[PDB]
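Those letters in the sequence shown? Residues 703 to 985, by the entry's author numbering. Heads up, the beta-carbon is just placed ideally off N, CA and C, and yes, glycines get one too. Heads up: the structure comes next, in structure tokens.
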Amino acid sequence: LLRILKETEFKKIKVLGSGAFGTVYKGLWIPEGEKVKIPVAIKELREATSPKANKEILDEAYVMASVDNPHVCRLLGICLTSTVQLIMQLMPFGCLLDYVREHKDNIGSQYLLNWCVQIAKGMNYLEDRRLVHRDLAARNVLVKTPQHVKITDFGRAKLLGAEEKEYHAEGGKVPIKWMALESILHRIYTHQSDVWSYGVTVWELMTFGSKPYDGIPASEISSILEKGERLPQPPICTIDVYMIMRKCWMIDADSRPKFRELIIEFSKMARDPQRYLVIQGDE
Ligand SMILES: CC(=O)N1CC[C@H](Nc2nc(Nc3ccc(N4CCN(C)CC4)cc3)c3ncn(C(C)C)c3n2)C1
């Protein structure tokens with residue numbers, strides 16, 4: 703459930719990162735009356751031109767707090783003062799992109815494929831909750847332990863209505879190199895455009911943190927996609943793995959895999975990792 707916190711109960715220790723959304727801190731939560739110190743991440747939101755009423759914020763928080771899955775970062779509490787502060791699970795090892803770049807020489811097929819499974823399970827849960835993420839990338843996956851990762855949201859995720867199949871976005875900055883063509887051209891987002899971004903995220907992992915379409919201007923991306931160019935097969939990937947990824951980047955959104963299928967296929971592979979990824983000195 704949603705805990706409402708007073709300023710007396712938690713403390714920001716240090717900045718972990720920032721962005722348009724605001725700032726995230728490593729923090730400590732000491733709930734009143736209880737006798738425990740809980741390491742947390744505190745996300746303090748940037749002030750908006752038109753701040754929501756507290757009731758609006760609380761309503762969104764309740765829904766957010768109900769997102770309960772092993773592979774999505776949970777909201778534990780909220781403090782509403784002059785700023786909105788969201789108290790969330792701390793992921794001690796940071797984001798997955800930096801983690802795979804810094805530990806590449808010690809990451810094997812088992813870890814990579816398990817991560818693919820976990821991310822797919824978290825995205826499937828989001829889809830079941832009717833949430834379109836809209837910002838899936840290795841940077842937005844966080845590391846609880848080397849064996850356990852969780853997706854999080856920095857503001858772009860959207861709840862779809864019971865009868866809506868798509869989110870139609872407005873203006874602003876978009877992570878072009880992670881987006882499905884239909885999102886780039888028309889600002890349309892669905893669970894299936896999340897699948898496209900999932901594929902790019904997997905490619906990031908399999909290349910140990912290479913930048914997608916390196917050196918290619920974001921403005922030229924939709925053009926090369928229309929020509930049928932995609933991200934290249936990572937050298938460690940077998941054709942079977944690369945084909946799943948390529949399938950995530952079909953032009954036809956409904957020809958892309960569903961996350962439930964991605965869970966199944968990557969679970970099969972994670973069960974015999976060295977068959978599907980070939981990494982020197984893996985064992
Ligand atoms: C804007 C954006 O995409 N980001 C991604 C990370 C950051 N947001 C974040 N970071 C969390 N934890 C964390 C972060 C860096 C470290 N390293 C330890 C190793 N050093 C060499 C460098 C510091 C360690 C832990 C974190 N934990 C939970 N959350 C969410 C749920 C609010 C986090 N967000 C800002």
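Examine ligand 1 and report whether any of its heavy atoms sits within less than 6 Å of the Cβ of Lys-714. no
From this set, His-805, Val-726, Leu-833, which residue's C-alpha is nearest residue 684's C-alpha? Because the chain spans 703 through 985 in this model, residue 684 falls outside it and cannot be assessed.
Compute the Euclidean distance between the alpha carbons of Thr-892 and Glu-749, then round it to the nearest angstrom. 28 Å
Between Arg-803 and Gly-911, what straight-line distance do the alpha-carbon atoms span, to the nearest angstrom? 5 Å
So the candidates are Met-881, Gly-810, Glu-922; which of them puts its Cα closest to the Cα of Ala-972? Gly-810
Skipping 5 residues on each side, what residues in its chain have a beta carbon closer than 8 Å to that of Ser-969? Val-819
What does DSSP give as the partner residues of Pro-741 in its beta bridges? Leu-730
Just verifying my parser: in three-state terms, what is the DSSP assignment at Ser-895? helix
Please check the pair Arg-705 and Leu-778, which I expect to be a contact at CB under 8 Å, by giving their CB distance rounded to whole angstroms. 6 Å
Let me check one thing: in DSSP terms, what residues is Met-790 bridge-paired to? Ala-743, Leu-777
Exposed or buried, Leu-815, counting other C-beta atoms within 10 Å across all chains shown (16 or more means buried)? buried
Spatial neighbours of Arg-831 in its chain, beta-carbon cut-off 7 Å, leaving aside the 5 residues before and after: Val-769
DSSP state of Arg-841, grouped into three classes? helix
When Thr-710, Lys-823, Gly-724 are compared against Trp-731, the one with the closest alpha-carbon: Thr-710
Determine the direct distance from the alpha carbon of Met-947 to that of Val-904, and round the result to whole angstroms. 7 Å
beta-carbon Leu-828 near ligand 1 non-hydrogen atom, thresh 6 Å: no
Just curious, the alpha helix (DSSP H) that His-888 is in, first and last residue? 883-888
Is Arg-841 near ligand 1, with its Cβ less than 6 Å from a heavy atom? yes
Would you report the Cα separation of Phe-795 and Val-726, rounded to the nearest angstrom? 14 Å
Given a cut-off of 7 Å on the beta-carbon distance, is the pair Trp-898 and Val-851 in contact? no
Is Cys-781 a contact residue of ligand 1, with contact defined as CB to any heavy atom under 6 Å? no
Between which two residues does the alpha helix (DSSP H) holding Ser-924 run? 923-928
Measure the CB-CB distance between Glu-746 and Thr-785 and report whether it falls below 7 Å. yes
Provide the residue(s) that pair with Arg-803 in DSSP beta bridges, ordered along the chain. Its beta-bridge partners do not exist; DSSP assigns none.
Suppose the cutoff is 6 Å on Cβ atoms and the five residues either side in sequence are ignored; what does the same chain contact list for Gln-787 look like? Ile-744, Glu-746, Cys-781
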